[PDB]
Amino acid sequence: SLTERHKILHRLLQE
Amino acid sequence: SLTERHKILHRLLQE
Amino acid sequence: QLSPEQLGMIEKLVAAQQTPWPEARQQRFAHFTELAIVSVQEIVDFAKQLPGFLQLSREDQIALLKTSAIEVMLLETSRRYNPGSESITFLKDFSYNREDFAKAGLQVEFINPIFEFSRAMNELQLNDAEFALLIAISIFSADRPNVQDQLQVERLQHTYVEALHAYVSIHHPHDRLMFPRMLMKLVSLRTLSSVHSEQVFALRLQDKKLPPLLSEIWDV
Amino acid sequence: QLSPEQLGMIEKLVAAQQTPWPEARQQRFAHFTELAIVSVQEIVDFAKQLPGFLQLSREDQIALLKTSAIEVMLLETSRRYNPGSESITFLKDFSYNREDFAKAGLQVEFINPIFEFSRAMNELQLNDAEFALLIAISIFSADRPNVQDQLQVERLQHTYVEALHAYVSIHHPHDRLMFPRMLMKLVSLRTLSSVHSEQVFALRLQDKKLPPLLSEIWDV
Ligand SMILES: O=C(O)Cc1cccc(OCCCN(Cc2cccc(C(F)(F)F)c2Cl)CC(c2ccccc2)c2ccccc2)c1
Ligand SMILES: O=C(O)Cc1cccc(OCCCN(Cc2cccc(C(F)(F)F)c2Cl)CC(c2ccccc2)c2ccccc2)c1
């Protein structure tokens, strides 16, 4: 997935 | 110039 | 509101536009590259008919045609796309699907975006006037590399934009999104031009030779 | 005609947006890459406030943000451009000209198109509403790689397009070209994104390291 490869962006989105 | 480097296009334009 | 001058200009543009297929792989490639040469010749012939074009410096003509040629070829290809058979027809008689292009040695990364674009364009159902104007607008892009008279190029582009807006208001009188949707396809064409430069790069890795005209406009 | 719903949406978007500078070369590069991280964080915060965005899959959010981030950064940079001094101001206090960027090790091929874009954007004199809507429209591009719900992304994009059209009709009541001119800048942004990928490629030839967030969205 893109998600697994974009941890920092994912965390920013989850905030 | 672009013109000197594009002889075929130049000829097509001159037609 | 479409003026008589705009109506006459659009009609004129529309009126202006009215090796065998079987290494064996490279015969397919020669067939396709030869069709591309025919398209480029037609693009140049149409450009010369665009109001304002021949008044630009010859150098500006070449600057605009060098980089718009692939975008106009992509527009022309979208117009030839057959959704039912998922094929594209060149010169009225030569019809091809994704596999045919792969067999010529073209990369999947090139083929798939062109089919995806063609399908998205087909949903819009553009007519001859809309294609002609969008081609004009693509040609008169002031931000192309090496354009000198950017102000004049932009001025010209806006007259085609204004003509498209007025035309579409008659063609699509209850759908104000049609005009911007058309314009937004020009954005996709820019991404596709970079997909194209990547294919050109791959062809030279493979020592696969573009014919002279194509090499002249596209090779680095 | 701008509806109350559109007016309220635009106002909300506008409201949502309201290492030291001195190898020594690489301290400049660290300063700039750190500012870029701040911009990306702001881009993500704004995206989350866009109606429709958080209802997309997280994967679609990431797909859209991955490729729009550079375009939104370019829009934000154009907005910070000072024509009189030919400089760009970051975080209200850090002002820089072309030479400053060259000194950080950025290529001329990158710097010059960004300044040329910034100057062309400045001529348009876009306000906070117009920038906000154009950023929204850039984010909701259905043709980005790896987007699943293209129909929903496109549907969203059109609502921002329609809002921009209505807003601009009040801001620019006698100039019907302003709306399409704004949209046409999205086309330039696509070319600039490829100029950017070329700079990213050059940085890795030079063994110059992007910080983690920037590496994650841009490195291949
Ligand atoms: O039908 C007509 O009247 C004349 C016409 C109009 C439009 C196109 C056309 O021929 C194109 C032939 C197919 N083609 C050739 C090609 C184009 C551009 C670059 C390259 C090259 F760089 F790779 F050499 C090639 Cl080989 C490819 C075609 C295509 C369609 C669908 C998937 C993949 C490729 C295409 C690519 C780009 C732009 C337009 C068409 C004749
Ligand atoms: O001012 C704020 O509020 C926050 C803010 C907003 C917008 C941008 C910003 O910082 C950008 C810092 C300058 N910059 C960094 C950079 C951006 C993108 C890619 C790269 C990299 F890939 F090369 F690493 C870098 Cl180093 C460069 C800047 C630029 C402007 C003019 C000429 C050349 C370069 C820039 C480039 C691309 C997009 C936006 C800015 C902080």
# chains A, B, ... in the order shown; residues from 1 in each chain; ligands from 1

call {"tool": "calpha_fit_and_write", "arguments": {"fixed": "chain C", "moving": "chain D", "output": "PDB file with C-alpha atoms, in the first residue's frame"}}
result
ATOM      1  CA  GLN D   1     -22.305  35.124 -26.123  1.00  0.00           C
ATOM      2  CA  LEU D   2     -20.704  33.791 -29.327  1.00  0.00           C
ATOM      3  CA  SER D   3     -19.856  36.618 -31.707  1.00  0.00           C
ATOM      4  CA  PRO D   4     -19.945  36.358 -35.467  1.00  0.00           C
ATOM      5  CA  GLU D   5     -16.148  36.697 -35.501  1.00  0.00           C
ATOM      6  CA  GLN D   6     -15.749  33.817 -33.050  1.00  0.00           C
ATOM      7  CA  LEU D   7     -18.268  31.656 -34.965  1.00  0.00           C
ATOM      8  CA  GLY D   8     -16.383  32.240 -38.236  1.00  0.00           C
ATOM      9  CA  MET D   9     -13.011  31.521 -36.596  1.00  0.00           C
ATOM     10  CA  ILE D  10     -14.208  28.220 -35.100  1.00  0.00           C
ATOM     11  CA  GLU D  11     -15.843  27.080 -38.342  1.00  0.00           C
ATOM     12  CA  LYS D  12     -12.565  27.766 -40.168  1.00  0.00           C
ATOM     13  CA  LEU D  13     -10.566  25.689 -37.709  1.00  0.00           C
ATOM     14  CA  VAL D  14     -13.028  22.774 -38.018  1.00  0.00           C
ATOM     15  CA  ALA D  15     -12.943  22.997 -41.809  1.00  0.00           C
ATOM     16  CA  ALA D  16      -9.083  23.012 -41.671  1.00  0.00           C
ATOM     17  CA  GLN D  17      -9.165  19.621 -39.939  1.00  0.00           C
ATOM     18  CA  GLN D  18     -11.628  17.900 -42.274  1.00  0.00           C
ATOM     19  CA  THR D  19       5.170   0.282 -43.865  1.00  0.00           C
ATOM     20  CA  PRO D  20       2.532  -2.443 -43.471  1.00  0.00           C
ATOM     21  CA  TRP D  21       1.353  -3.825 -40.137  1.00  0.00           C
ATOM     22  CA  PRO D  22       2.538  -7.465 -39.815  1.00  0.00           C
ATOM     23  CA  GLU D  23      12.097  -8.205 -35.179  1.00  0.00           C
ATOM     24  CA  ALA D  24       8.707  -7.952 -36.730  1.00  0.00           C
ATOM     25  CA  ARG D  25       8.367  -6.056 -33.463  1.00  0.00           C
ATOM     26  CA  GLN D  26      10.328  -3.270 -35.220  1.00  0.00           C
ATOM     27  CA  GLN D  27       8.123  -3.446 -38.325  1.00  0.00           C
ATOM     28  CA  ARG D  28       5.235  -2.602 -35.929  1.00  0.00           C
ATOM     29  CA  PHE D  29       7.395   0.170 -34.507  1.00  0.00           C
ATOM     30  CA  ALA D  30       8.173   1.442 -37.994  1.00  0.00           C
ATOM     31  CA  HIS D  31       4.469   1.402 -38.889  1.00  0.00           C
ATOM     32  CA  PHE D  32       3.569   3.414 -35.696  1.00  0.00           C
ATOM     33  CA  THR D  33       6.487   5.889 -36.006  1.00  0.00           C
ATOM     34  CA  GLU D  34       5.420   6.488 -39.601  1.00  0.00           C
ATOM     35  CA  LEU D  35       1.850   7.233 -38.528  1.00  0.00           C
ATOM     36  CA  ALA D  36       3.240   9.646 -35.881  1.00  0.00           C
ATOM     37  CA  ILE D  37       5.094  11.484 -38.695  1.00  0.00           C
ATOM     38  CA  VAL D  38       1.774  11.860 -40.530  1.00  0.00           C
ATOM     39  CA  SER D  39       0.221  13.298 -37.333  1.00  0.00           C
ATOM     40  CA  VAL D  40       3.102  15.770 -36.825  1.00  0.00           C
ATOM     41  CA  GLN D  41       2.742  16.941 -40.487  1.00  0.00           C
ATOM     42  CA  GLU D  42      -0.983  17.519 -39.909  1.00  0.00           C
ATOM     43  CA  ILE D  43      -0.261  19.380 -36.634  1.00  0.00           C
ATOM     44  CA  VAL D  44       2.072  21.757 -38.467  1.00  0.00           C
ATOM     45  CA  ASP D  45      -0.456  22.266 -41.272  1.00  0.00           C
ATOM     46  CA  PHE D  46      -3.180  23.084 -38.759  1.00  0.00           C
ATOM     47  CA  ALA D  47      -0.935  25.452 -36.731  1.00  0.00           C
ATOM     48  CA  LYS D  48      -0.203  27.480 -39.859  1.00  0.00           C
ATOM     49  CA  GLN D  49      -3.969  27.976 -40.261  1.00  0.00           C
ATOM     50  CA  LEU D  50      -4.381  29.302 -36.660  1.00  0.00           C
ATOM     51  CA  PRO D  51      -4.992  33.056 -36.569  1.00  0.00           C
ATOM     52  CA  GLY D  52      -1.870  34.709 -35.115  1.00  0.00           C
ATOM     53  CA  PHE D  53       0.493  31.744 -35.588  1.00  0.00           C
ATOM     54  CA  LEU D  54       2.434  32.787 -38.732  1.00  0.00           C
ATOM     55  CA  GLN D  55       2.866  36.334 -37.311  1.00  0.00           C
ATOM     56  CA  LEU D  56       4.995  34.924 -34.474  1.00  0.00           C
ATOM     57  CA  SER D  57       8.748  34.659 -35.252  1.00  0.00           C
ATOM     58  CA  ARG D  58       9.621  31.378 -37.009  1.00  0.00           C
ATOM     59  CA  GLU D  59      11.684  30.629 -33.900  1.00  0.00           C
ATOM     60  CA  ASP D  60       8.580  31.061 -31.679  1.00  0.00           C
ATOM     61  CA  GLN D  61       6.596  28.831 -34.130  1.00  0.00           C
ATOM     62  CA  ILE D  62       9.207  26.151 -33.671  1.00  0.00           C
ATOM     63  CA  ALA D  63       9.339  26.650 -29.908  1.00  0.00           C
ATOM     64  CA  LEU D  64       5.552  26.169 -29.659  1.00  0.00           C
ATOM     65  CA  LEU D  65       5.364  23.205 -32.061  1.00  0.00           C
ATOM     66  CA  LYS D  66       8.354  21.362 -30.538  1.00  0.00           C
ATOM     67  CA  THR D  67       6.666  20.916 -27.178  1.00  0.00           C
ATOM     68  CA  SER D  68       2.940  20.994 -28.114  1.00  0.00           C
ATOM     69  CA  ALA D  69       3.262  18.287 -30.777  1.00  0.00           C
ATOM     70  CA  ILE D  70       2.985  15.395 -28.277  1.00  0.00           C
ATOM     71  CA  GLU D  71       0.003  17.032 -26.498  1.00  0.00           C
ATOM     72  CA  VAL D  72      -1.842  17.650 -29.795  1.00  0.00           C
ATOM     73  CA  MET D  73      -1.024  14.015 -30.846  1.00  0.00           C
ATOM     74  CA  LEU D  74      -2.528  12.826 -27.557  1.00  0.00           C
ATOM     75  CA  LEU D  75      -5.681  14.953 -28.141  1.00  0.00           C
ATOM     76  CA  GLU D  76      -5.970  13.593 -31.694  1.00  0.00           C
ATOM     77  CA  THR D  77      -5.508  10.016 -30.379  1.00  0.00           C
ATOM     78  CA  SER D  78      -8.222  10.488 -27.711  1.00  0.00           C
ATOM     79  CA  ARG D  79     -10.540  11.600 -30.481  1.00  0.00           C
ATOM     80  CA  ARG D  80      -9.887   8.350 -32.372  1.00  0.00           C
ATOM     81  CA  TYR D  81     -10.589   6.113 -29.385  1.00  0.00           C
ATOM     82  CA  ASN D  82     -13.390   3.534 -29.651  1.00  0.00           C
ATOM     83  CA  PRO D  83     -14.804   2.856 -26.184  1.00  0.00           C
ATOM     84  CA  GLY D  84     -16.829  -0.214 -27.248  1.00  0.00           C
ATOM     85  CA  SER D  85     -13.824  -2.091 -28.678  1.00  0.00           C
ATOM     86  CA  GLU D  86     -11.303  -0.286 -26.459  1.00  0.00           C
ATOM     87  CA  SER D  87      -9.252   0.433 -29.616  1.00  0.00           C
ATOM     88  CA  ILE D  88      -7.765   3.480 -31.392  1.00  0.00           C
ATOM     89  CA  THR D  89      -8.187   3.953 -35.147  1.00  0.00           C
ATOM     90  CA  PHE D  90      -5.520   5.743 -37.228  1.00  0.00           C
ATOM     91  CA  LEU D  91      -6.068   6.968 -40.845  1.00  0.00           C
ATOM     92  CA  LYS D  92      -9.637   5.629 -40.663  1.00  0.00           C
ATOM     93  CA  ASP D  93      -8.467   2.032 -41.412  1.00  0.00           C
ATOM     94  CA  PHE D  94      -5.797   1.017 -38.907  1.00  0.00           C
ATOM     95  CA  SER D  95      -7.351  -0.042 -35.529  1.00  0.00           C
ATOM     96  CA  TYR D  96      -5.247  -1.064 -32.503  1.00  0.00           C
ATOM     97  CA  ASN D  97      -5.657  -2.157 -28.865  1.00  0.00           C
ATOM     98  CA  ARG D  98      -3.290  -2.150 -25.853  1.00  0.00           C
ATOM     99  CA  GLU D  99      -1.687  -5.433 -26.803  1.00  0.00           C
ATOM    100  CA  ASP D 100      -0.828  -4.137 -30.321  1.00  0.00           C
ATOM    101  CA  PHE D 101       1.145  -1.268 -28.785  1.00  0.00           C
ATOM    102  CA  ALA D 102       2.982  -3.564 -26.316  1.00  0.00           C
ATOM    103  CA  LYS D 103       3.937  -5.785 -29.276  1.00  0.00           C
ATOM    104  CA  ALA D 104       5.623  -2.800 -30.914  1.00  0.00           C
ATOM    105  CA  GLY D 105       7.918  -2.586 -27.854  1.00  0.00           C
ATOM    106  CA  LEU D 106       6.276   0.439 -26.177  1.00  0.00           C
ATOM    107  CA  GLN D 107       6.386   0.389 -22.383  1.00  0.00           C
ATOM    108  CA  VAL D 108       3.361  -0.381 -20.242  1.00  0.00           C
ATOM    109  CA  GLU D 109       4.042   2.845 -18.312  1.00  0.00           C
ATOM    110  CA  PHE D 110       3.408   4.754 -21.623  1.00  0.00           C
ATOM    111  CA  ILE D 111       0.546   2.705 -23.025  1.00  0.00           C
ATOM    112  CA  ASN D 112      -1.626   2.676 -19.896  1.00  0.00           C
ATOM    113  CA  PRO D 113      -1.810   6.420 -19.157  1.00  0.00           C
ATOM    114  CA  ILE D 114      -2.622   7.086 -22.881  1.00  0.00           C
ATOM    115  CA  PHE D 115      -5.529   4.637 -22.737  1.00  0.00           C
ATOM    116  CA  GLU D 116      -6.670   6.063 -19.384  1.00  0.00           C
ATOM    117  CA  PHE D 117      -6.607   9.613 -20.850  1.00  0.00           C
ATOM    118  CA  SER D 118      -8.410   8.505 -23.984  1.00  0.00           C
ATOM    119  CA  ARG D 119     -11.173   6.926 -21.885  1.00  0.00           C
ATOM    120  CA  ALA D 120     -11.504  10.066 -19.649  1.00  0.00           C
ATOM    121  CA  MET D 121     -11.651  12.267 -22.834  1.00  0.00           C
ATOM    122  CA  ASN D 122     -14.320  10.062 -24.384  1.00  0.00           C
ATOM    123  CA  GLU D 123     -16.605  10.629 -21.366  1.00  0.00           C
ATOM    124  CA  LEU D 124     -16.513  14.348 -22.189  1.00  0.00           C
ATOM    125  CA  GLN D 125     -17.783  13.702 -25.719  1.00  0.00           C
ATOM    126  CA  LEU D 126     -16.027  16.660 -27.319  1.00  0.00           C
ATOM    127  CA  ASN D 127     -17.027  17.608 -30.832  1.00  0.00           C
ATOM    128  CA  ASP D 128     -14.833  18.858 -33.730  1.00  0.00           C
ATOM    129  CA  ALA D 129     -15.077  22.541 -32.598  1.00  0.00           C
ATOM    130  CA  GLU D 130     -14.071  21.718 -29.036  1.00  0.00           C
ATOM    131  CA  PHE D 131     -11.097  19.566 -30.143  1.00  0.00           C
ATOM    132  CA  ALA D 132      -9.935  22.248 -32.573  1.00  0.00           C
ATOM    133  CA  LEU D 133     -10.057  24.964 -29.905  1.00  0.00           C
ATOM    134  CA  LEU D 134      -8.361  22.837 -27.308  1.00  0.00           C
ATOM    135  CA  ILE D 135      -5.583  22.021 -29.797  1.00  0.00           C
ATOM    136  CA  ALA D 136      -5.198  25.791 -30.471  1.00  0.00           C
ATOM    137  CA  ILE D 137      -5.071  26.498 -26.750  1.00  0.00           C
ATOM    138  CA  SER D 138      -2.395  23.798 -26.238  1.00  0.00           C
ATOM    139  CA  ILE D 139      -0.294  25.214 -29.111  1.00  0.00           C
ATOM    140  CA  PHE D 140      -0.491  28.776 -27.739  1.00  0.00           C
ATOM    141  CA  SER D 141       1.071  28.031 -24.341  1.00  0.00           C
ATOM    142  CA  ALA D 142       3.287  30.964 -23.339  1.00  0.00           C
ATOM    143  CA  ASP D 143       5.102  28.896 -20.684  1.00  0.00           C
ATOM    144  CA  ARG D 144       6.742  26.516 -23.255  1.00  0.00           C
ATOM    145  CA  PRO D 145      10.558  26.507 -23.076  1.00  0.00           C
ATOM    146  CA  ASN D 146      12.283  29.031 -25.343  1.00  0.00           C
ATOM    147  CA  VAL D 147       9.290  31.241 -26.198  1.00  0.00           C
ATOM    148  CA  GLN D 148      10.307  34.838 -26.736  1.00  0.00           C
ATOM    149  CA  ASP D 149       7.007  36.718 -27.221  1.00  0.00           C
ATOM    150  CA  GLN D 150       5.216  35.256 -24.251  1.00  0.00           C
ATOM    151  CA  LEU D 151       2.817  38.230 -24.076  1.00  0.00           C
ATOM    152  CA  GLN D 152       1.635  37.722 -27.658  1.00  0.00           C
ATOM    153  CA  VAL D 153       1.395  33.922 -27.209  1.00  0.00           C
ATOM    154  CA  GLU D 154      -0.720  34.460 -24.077  1.00  0.00           C
ATOM    155  CA  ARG D 155      -2.913  37.051 -25.807  1.00  0.00           C
ATOM    156  CA  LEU D 156      -3.586  34.641 -28.621  1.00  0.00           C
ATOM    157  CA  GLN D 157      -4.308  31.792 -26.198  1.00  0.00           C
ATOM    158  CA  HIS D 158      -6.944  33.906 -24.432  1.00  0.00           C
ATOM    159  CA  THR D 159      -8.847  34.573 -27.660  1.00  0.00           C
ATOM    160  CA  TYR D 160      -9.214  30.777 -28.131  1.00  0.00           C
ATOM    161  CA  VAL D 161     -10.170  30.385 -24.470  1.00  0.00           C
ATOM    162  CA  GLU D 162     -12.858  33.060 -24.842  1.00  0.00           C
ATOM    163  CA  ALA D 163     -14.117  31.374 -28.082  1.00  0.00           C
ATOM    164  CA  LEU D 164     -14.285  27.988 -26.333  1.00  0.00           C
ATOM    165  CA  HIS D 165     -16.160  29.483 -23.418  1.00  0.00           C
ATOM    166  CA  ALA D 166     -18.783  31.088 -25.721  1.00  0.00           C
ATOM    167  CA  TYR D 167     -19.076  27.999 -27.954  1.00  0.00           C
ATOM    168  CA  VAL D 168     -19.522  25.624 -25.011  1.00  0.00           C
ATOM    169  CA  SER D 169     -22.226  27.899 -23.600  1.00  0.00           C
ATOM    170  CA  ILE D 170     -24.282  27.090 -26.769  1.00  0.00           C
ATOM    171  CA  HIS D 171     -23.272  23.401 -26.952  1.00  0.00           C
ATOM    172  CA  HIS D 172     -23.880  22.832 -23.214  1.00  0.00           C
ATOM    173  CA  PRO D 173     -26.373  25.474 -22.195  1.00  0.00           C
ATOM    174  CA  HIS D 174     -27.284  23.830 -18.840  1.00  0.00           C
ATOM    175  CA  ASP D 175     -23.827  22.618 -17.742  1.00  0.00           C
ATOM    176  CA  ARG D 176     -21.388  25.316 -16.715  1.00  0.00           C
ATOM    177  CA  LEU D 177     -18.797  22.687 -15.696  1.00  0.00           C
ATOM    178  CA  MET D 178     -18.168  21.549 -19.293  1.00  0.00           C
ATOM    179  CA  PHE D 179     -15.935  24.512 -20.149  1.00  0.00           C
ATOM    180  CA  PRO D 180     -13.598  24.203 -17.166  1.00  0.00           C
ATOM    181  CA  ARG D 181     -13.602  20.385 -17.478  1.00  0.00           C
ATOM    182  CA  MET D 182     -12.225  20.766 -20.991  1.00  0.00           C
ATOM    183  CA  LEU D 183      -9.583  23.206 -19.877  1.00  0.00           C
ATOM    184  CA  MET D 184      -8.570  20.869 -17.045  1.00  0.00           C
ATOM    185  CA  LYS D 185      -7.626  18.172 -19.586  1.00  0.00           C
ATOM    186  CA  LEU D 186      -4.716  20.422 -20.586  1.00  0.00           C
ATOM    187  CA  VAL D 187      -3.331  19.766 -17.110  1.00  0.00           C
ATOM    188  CA  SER D 188      -3.397  15.966 -17.729  1.00  0.00           C
ATOM    189  CA  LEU D 189      -1.688  16.523 -21.061  1.00  0.00           C
ATOM    190  CA  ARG D 190       1.245  18.122 -19.274  1.00  0.00           C
ATOM    191  CA  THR D 191       1.792  15.059 -17.107  1.00  0.00           C
ATOM    192  CA  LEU D 192       1.463  12.854 -20.184  1.00  0.00           C
ATOM    193  CA  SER D 193       4.151  14.839 -21.969  1.00  0.00           C
ATOM    194  CA  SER D 194       6.588  13.799 -19.192  1.00  0.00           C
ATOM    195  CA  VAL D 195       5.410  10.150 -19.494  1.00  0.00           C
ATOM    196  CA  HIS D 196       6.296  10.550 -23.162  1.00  0.00           C
ATOM    197  CA  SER D 197       9.814  11.931 -22.501  1.00  0.00           C
ATOM    198  CA  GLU D 198      10.385   8.810 -20.334  1.00  0.00           C
ATOM    199  CA  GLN D 199       9.420   6.545 -23.221  1.00  0.00           C
ATOM    200  CA  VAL D 200      11.726   8.495 -25.537  1.00  0.00           C
ATOM    201  CA  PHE D 201      14.537   8.000 -23.011  1.00  0.00           C
ATOM    202  CA  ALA D 202      13.823   4.211 -22.825  1.00  0.00           C
ATOM    203  CA  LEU D 203      13.862   3.915 -26.630  1.00  0.00           C
ATOM    204  CA  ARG D 204      17.439   5.271 -26.706  1.00  0.00           C
ATOM    205  CA  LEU D 205      18.535   2.925 -23.896  1.00  0.00           C
ATOM    206  CA  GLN D 206      17.240   0.143 -26.207  1.00  0.00           C
ATOM    207  CA  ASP D 207      19.071   1.623 -29.243  1.00  0.00           C
ATOM    208  CA  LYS D 208      15.670   1.888 -30.950  1.00  0.00           C
ATOM    209  CA  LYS D 209      15.856   4.705 -33.532  1.00  0.00           C
ATOM    210  CA  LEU D 210      13.253   7.445 -34.001  1.00  0.00           C
ATOM    211  CA  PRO D 211      12.837   8.538 -37.585  1.00  0.00           C
ATOM    212  CA  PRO D 212      14.455  11.950 -38.385  1.00  0.00           C
ATOM    213  CA  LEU D 213      11.377  14.257 -37.816  1.00  0.00           C
ATOM    214  CA  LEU D 214      10.472  12.547 -34.564  1.00  0.00           C
ATOM    215  CA  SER D 215      14.132  12.525 -33.470  1.00  0.00           C
ATOM    216  CA  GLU D 216      14.435  16.238 -34.248  1.00  0.00           C
ATOM    217  CA  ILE D 217      11.468  17.335 -32.038  1.00  0.00           C
ATOM    218  CA  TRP D 218      11.931  14.759 -29.190  1.00  0.00           C
ATOM    219  CA  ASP D 219      15.480  13.362 -28.815  1.00  0.00           C
ATOM    220  CA  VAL D 220      17.843  15.033 -26.307  1.00  0.00           C
TER     221      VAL D 220
END

call {"tool": "interface_residues", "arguments": {"of": "chain A", "to": "chain D", "cutoff": "8 Å", "atoms": "only C-alpha atoms", "output": "PyMOL selection string"}}
result
chain A and resi 1-3+5-6+8-10+12-13

call {"tool": "select_by_dssp", "arguments": {"residues": "chain C", "states": "alpha helix (DSSP H)", "output": "PyMOL selection string"}}
result
chain C and resi 4-17+25-49+58-79+98-103+108-124+128-139+150-171+178-205+212-218
